[PDB]
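To start, the structure under review is shown below, and the notes come after it.
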Amino acid sequence: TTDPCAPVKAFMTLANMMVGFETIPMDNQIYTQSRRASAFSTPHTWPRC
Amino acid sequence: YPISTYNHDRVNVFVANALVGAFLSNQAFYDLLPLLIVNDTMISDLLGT
Amino acid sequence: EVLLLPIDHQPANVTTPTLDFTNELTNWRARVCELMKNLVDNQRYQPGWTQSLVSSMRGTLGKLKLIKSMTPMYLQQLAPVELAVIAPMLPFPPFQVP
Amino acid sequence: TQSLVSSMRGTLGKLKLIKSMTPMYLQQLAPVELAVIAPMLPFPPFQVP
């Protein structure tokens with residue numbers, strides 16, 4: 001896909017898979033680790049880890 | 001925070017302890033970093049934040 | 001101007017709720033599943049359970065510890081607000097010993 | 001088969017650990033019953049040690 005947020009969707013898909021196994025520092029408490037990976041689609045919303 | 005301009009100002013103890021505890025627990029510590037440097041007293045920043 | 005609740009209550013900070021794993025009820029479920037896996041890993045207590053039943057029981061228990069449930073978070077940070085809203089619009093007021 | 005040996009010595013262990021009240025009955029209650037029956041018999045008890 002020509003979506004520029006394809007790598008962050010690929011990373012957040014695994015981070016949604018692994019909830020409770022391993023925890024990562026997210027940006028805030030809104031866009032958490034267990035939030036669906038679809039919603040990002042924006043460079044402001046890329047997690048800092 | 002640059003050290004050379006923030007060398008001689010007192011830091012906030014609650015934000016420091018909560019920042020260490022949030023970083024060791026991976027619990028979205030980035031919204032504590034603006035509260036780390038204190039002003040007008042130690043307690044009123046936490047009240048009026 | 002006070003009610004008593006048998007579980008802990010911190011209030012939430014957002015209005016869009018998601019799932020996380022930090023409250024005393026999920027901690028309690030984790031410790032119960034942890035002791036039951038310490039109980040089933042022992043072979044002298046269930047000698048008839050050979051290998052695959054043992055590993056399947058371990059996995060069922062760990063998965064049941066890690067179910068995506070929302071009721072403990074609800075009890076932690078939404079339902080006390082609802083009880084506090086309900087309780088003065090109530091014909092029989094609260095009557096609580098500590 | 002090494003599976004069946006351990007599994008069904010587990011059966012012997014569980015049959016050792018069965019719950020039943022006939023042994024406690026034979027220890028504690030049935031001698032009291034024979035002691036209260038035995039005067040009321042047409043044939044008195046005739047015993048060798």
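Chain labels run A, B, ... following the order of the structure tokens; each chain numbers its residues from 1, and ligands are numbered from 1 in the order shown.
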- Contacts of segment 25-29 of chain A within 10 Å, only C-alpha atoms, excl. fewer than 6 positions in-chain, as a ChimeraX atom specification: /A:35,45-49 /B:22-31 /C:13-14,16-18
How would the residues just picked look written out with N, CA, C and O atoms as a CSV table (one decimal), in the first residue's frame?
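What landed in selection-v9.csv:
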chain,number,residue,atom,x,y,z
A,35,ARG,N,-5.3,-0.1,22.2
A,35,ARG,CA,-6.1,0.6,21.2
A,35,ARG,C,-5.9,0.0,19.8
A,35,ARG,O,-4.7,-0.5,19.5
A,45,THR,N,0.4,10.6,15.5
A,45,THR,CA,0.0,9.6,16.3
A,45,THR,C,1.0,8.4,16.4
A,45,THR,O,0.6,7.3,16.8
A,46,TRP,N,2.2,8.6,16.0
A,46,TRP,CA,3.2,7.5,16.0
A,46,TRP,C,3.7,7.4,17.5
A,46,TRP,O,4.0,8.4,18.0
A,47,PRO,N,3.7,6.2,18.1
A,47,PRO,CA,4.2,6.1,19.5
A,47,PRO,C,5.7,6.4,19.6
A,47,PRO,O,6.4,6.2,18.7
A,48,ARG,N,6.0,6.9,20.8
A,48,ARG,CA,7.4,7.3,21.0
A,48,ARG,C,8.4,6.2,21.1
A,48,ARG,O,9.6,6.3,20.8
A,49,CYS,N,7.9,5.0,21.6
A,49,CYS,CA,8.8,3.8,21.7
A,49,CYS,C,9.2,3.3,20.3
A,49,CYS,O,10.2,2.6,20.2
B,22,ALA,N,6.5,5.6,37.1
B,22,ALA,CA,5.8,5.3,35.8
B,22,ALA,C,6.7,4.8,34.8
B,22,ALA,O,6.3,4.0,33.9
B,23,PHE,N,8.0,5.2,34.8
B,23,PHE,CA,8.9,4.7,33.8
B,23,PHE,C,9.3,3.3,34.0
B,23,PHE,O,9.5,2.5,33.1
B,24,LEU,N,9.4,2.9,35.3
B,24,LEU,CA,9.6,1.5,35.6
B,24,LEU,C,8.4,0.6,35.4
B,24,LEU,O,8.6,-0.6,35.3
B,25,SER,N,7.2,1.2,35.2
B,25,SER,CA,6.0,0.4,35.0
B,25,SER,C,5.5,0.5,33.6
B,25,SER,O,4.5,-0.1,33.3
B,26,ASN,N,6.0,1.4,32.7
B,26,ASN,CA,5.6,1.7,31.3
B,26,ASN,C,4.2,2.1,31.3
B,26,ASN,O,3.3,1.5,30.6
B,27,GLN,N,3.9,3.3,31.9
B,27,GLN,CA,2.5,3.7,32.1
B,27,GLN,C,2.4,5.2,31.7
B,27,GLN,O,1.8,6.0,32.4
B,28,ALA,N,2.9,5.5,30.5
B,28,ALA,CA,2.7,6.8,29.8
B,28,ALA,C,3.1,8.0,30.6
B,28,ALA,O,2.3,8.8,31.0
B,29,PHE,N,4.4,8.0,30.8
B,29,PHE,CA,5.1,9.0,31.7
B,29,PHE,C,5.3,10.4,31.0
B,29,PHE,O,5.8,11.3,31.7
B,30,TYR,N,4.9,10.6,29.8
B,30,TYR,CA,5.3,11.8,29.0
B,30,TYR,C,4.5,13.0,29.5
B,30,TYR,O,5.0,14.1,29.4
B,31,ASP,N,3.3,12.8,30.0
B,31,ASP,CA,2.5,13.9,30.5
B,31,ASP,C,3.0,14.4,31.9
B,31,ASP,O,2.3,15.3,32.5
C,13,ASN,N,-9.7,8.9,34.2
C,13,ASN,CA,-9.2,10.2,33.7
C,13,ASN,C,-9.6,10.5,32.3
C,13,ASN,O,-9.5,11.7,31.9
C,14,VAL,N,-10.1,9.5,31.5
C,14,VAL,CA,-10.6,9.7,30.2
C,14,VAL,C,-12.1,9.4,30.1
C,14,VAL,O,-12.7,8.8,31.0
C,16,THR,N,-13.0,8.1,26.8
C,16,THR,CA,-12.9,7.0,25.9
C,16,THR,C,-12.2,5.8,26.5
C,16,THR,O,-11.0,5.8,26.6
C,17,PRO,N,-12.9,4.8,27.1
C,17,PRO,CA,-12.3,3.8,27.8
C,17,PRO,C,-11.7,2.7,27.0
C,17,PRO,O,-12.3,2.2,26.0
C,18,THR,N,-10.5,2.2,27.3
C,18,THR,CA,-9.9,1.1,26.7
C,18,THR,C,-9.5,0.1,27.8
C,18,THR,O,-9.7,0.3,29.0
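The residues of chain B that DSSP assigns to helix (DSSP H, G or I) on this backbone come out as residues 13, 14, 15, 16, 17, 18, 19, 20, 21, 22, 23, 29, 30, 31, 33, 34, 35, 44, 45, 46, 47 and 48 of chain B.
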Emit the selected residues as a compact mmCIF listing (two decimals), in the first residue's frame, including N, CA and C atoms.
# COMPACT_ATOMS: atom_id res chain seq x y z
N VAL B 13 9.35 17.07 43.71
CA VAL B 13 9.62 15.77 44.32
C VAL B 13 8.54 14.76 43.94
N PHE B 14 7.28 15.19 43.93
CA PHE B 14 6.17 14.30 43.59
C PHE B 14 6.28 13.84 42.14
N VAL B 15 6.55 14.78 41.24
CA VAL B 15 6.71 14.48 39.83
C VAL B 15 7.93 13.60 39.60
N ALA B 16 8.98 13.80 40.41
CA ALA B 16 10.18 12.96 40.29
C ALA B 16 9.90 11.52 40.68
N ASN B 17 9.27 11.31 41.84
CA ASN B 17 8.97 9.96 42.30
C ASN B 17 7.95 9.27 41.39
N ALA B 18 6.92 10.00 40.98
CA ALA B 18 5.92 9.44 40.09
C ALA B 18 6.48 9.18 38.70
N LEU B 19 7.47 9.97 38.27
CA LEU B 19 8.09 9.76 36.97
C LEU B 19 8.94 8.51 36.97
N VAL B 20 9.71 8.29 38.04
CA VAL B 20 10.49 7.06 38.15
C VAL B 20 9.57 5.85 38.23
N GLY B 21 8.50 5.95 39.03
CA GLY B 21 7.57 4.84 39.15
C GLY B 21 6.78 4.54 37.89
N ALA B 22 6.50 5.57 37.09
CA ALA B 22 5.79 5.34 35.83
C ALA B 22 6.72 4.82 34.76
N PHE B 23 7.99 5.25 34.76
CA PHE B 23 8.92 4.74 33.77
C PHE B 23 9.30 3.30 34.05
N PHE B 29 4.43 8.05 30.77
CA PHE B 29 5.06 9.02 31.66
C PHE B 29 5.29 10.38 31.02
N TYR B 30 4.90 10.58 29.76
CA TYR B 30 5.29 11.79 29.04
C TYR B 30 4.52 13.01 29.50
N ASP B 31 3.32 12.82 30.03
CA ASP B 31 2.54 13.95 30.53
C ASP B 31 2.97 14.41 31.91
N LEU B 33 6.48 15.08 32.45
CA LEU B 33 7.65 15.89 32.09
C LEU B 33 7.43 17.41 32.05
N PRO B 34 6.28 17.97 31.63
CA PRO B 34 6.10 19.42 31.81
C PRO B 34 5.96 19.85 33.26
N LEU B 35 5.59 18.96 34.17
CA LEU B 35 5.41 19.32 35.57
C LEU B 35 6.67 19.12 36.39
N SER B 44 1.05 23.92 44.65
CA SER B 44 -0.01 24.56 43.87
C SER B 44 0.02 24.18 42.40
N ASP B 45 1.17 23.74 41.89
CA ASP B 45 1.21 23.20 40.53
C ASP B 45 0.41 21.92 40.44
N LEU B 46 0.52 21.07 41.46
CA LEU B 46 -0.25 19.84 41.48
C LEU B 46 -1.71 20.10 41.77
N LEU B 47 -2.02 21.17 42.51
CA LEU B 47 -3.42 21.53 42.71
C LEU B 47 -4.04 22.07 41.42
N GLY B 48 -3.51 23.16 40.90
CA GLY B 48 -4.04 23.83 39.74
C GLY B 48 -3.61 23.28 38.40
- Message: Set the cut-off to 12 Å and count only C-alpha atoms: what are the residues of chain C that reach chain A? Output as a PyMOL selection string.
- Response: chain C and resi 12-22+26-27+30+62-63+65-68
- Exercise answer, chain D residues close to chain C, 8 Å and only C-alpha atoms, as a ChimeraX atom specification: /D:3,6-11,13
Please produce a file of those selected residues containing N, CA and C atoms, as a PDB file, in the first residue's frame.
ATOM      1  N   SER D   3       3.404 -44.055  30.223  1.00  0.00           N
ATOM      2  CA  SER D   3       2.262 -43.200  30.525  1.00  0.00           C
ATOM      3  C   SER D   3       1.255 -43.923  31.408  1.00  0.00           C
ATOM      4  N   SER D   6       2.329 -44.759  35.332  1.00  0.00           N
ATOM      5  CA  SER D   6       2.221 -43.643  36.266  1.00  0.00           C
ATOM      6  C   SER D   6       0.780 -43.176  36.407  1.00  0.00           C
ATOM      7  N   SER D   7       0.041 -43.119  35.287  1.00  0.00           N
ATOM      8  CA  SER D   7      -1.339 -42.646  35.322  1.00  0.00           C
ATOM      9  C   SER D   7      -2.212 -43.536  36.193  1.00  0.00           C
ATOM     10  N   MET D   8      -2.028 -44.849  36.107  1.00  0.00           N
ATOM     11  CA  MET D   8      -2.900 -45.764  36.815  1.00  0.00           C
ATOM     12  C   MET D   8      -2.209 -46.437  37.996  1.00  0.00           C
ATOM     13  N   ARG D   9      -1.074 -45.891  38.443  1.00  0.00           N
ATOM     14  CA  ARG D   9      -0.777 -45.900  39.867  1.00  0.00           C
ATOM     15  C   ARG D   9      -1.345 -44.657  40.538  1.00  0.00           C
ATOM     16  N   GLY D  10      -1.641 -43.618  39.747  1.00  0.00           N
ATOM     17  CA  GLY D  10      -2.458 -42.525  40.254  1.00  0.00           C
ATOM     18  C   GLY D  10      -3.846 -42.970  40.685  1.00  0.00           C
ATOM     19  N   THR D  11      -4.406 -43.970  39.994  1.00  0.00           N
ATOM     20  CA  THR D  11      -5.690 -44.539  40.396  1.00  0.00           C
ATOM     21  C   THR D  11      -5.587 -45.227  41.752  1.00  0.00           C
ATOM     22  N   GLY D  13      -3.434 -44.373  44.049  1.00  0.00           N
ATOM     23  CA  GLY D  13      -3.320 -43.282  45.009  1.00  0.00           C
ATOM     24  C   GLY D  13      -4.661 -42.658  45.364  1.00  0.00           C
TER      25      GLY D  13
END
- 10 Å contact set for residue 64 of chain C, only C-alpha atoms, chain neighbours under 4 positions out, as a ChimeraX atom specification: /C:29-30,33,58-60,68-69
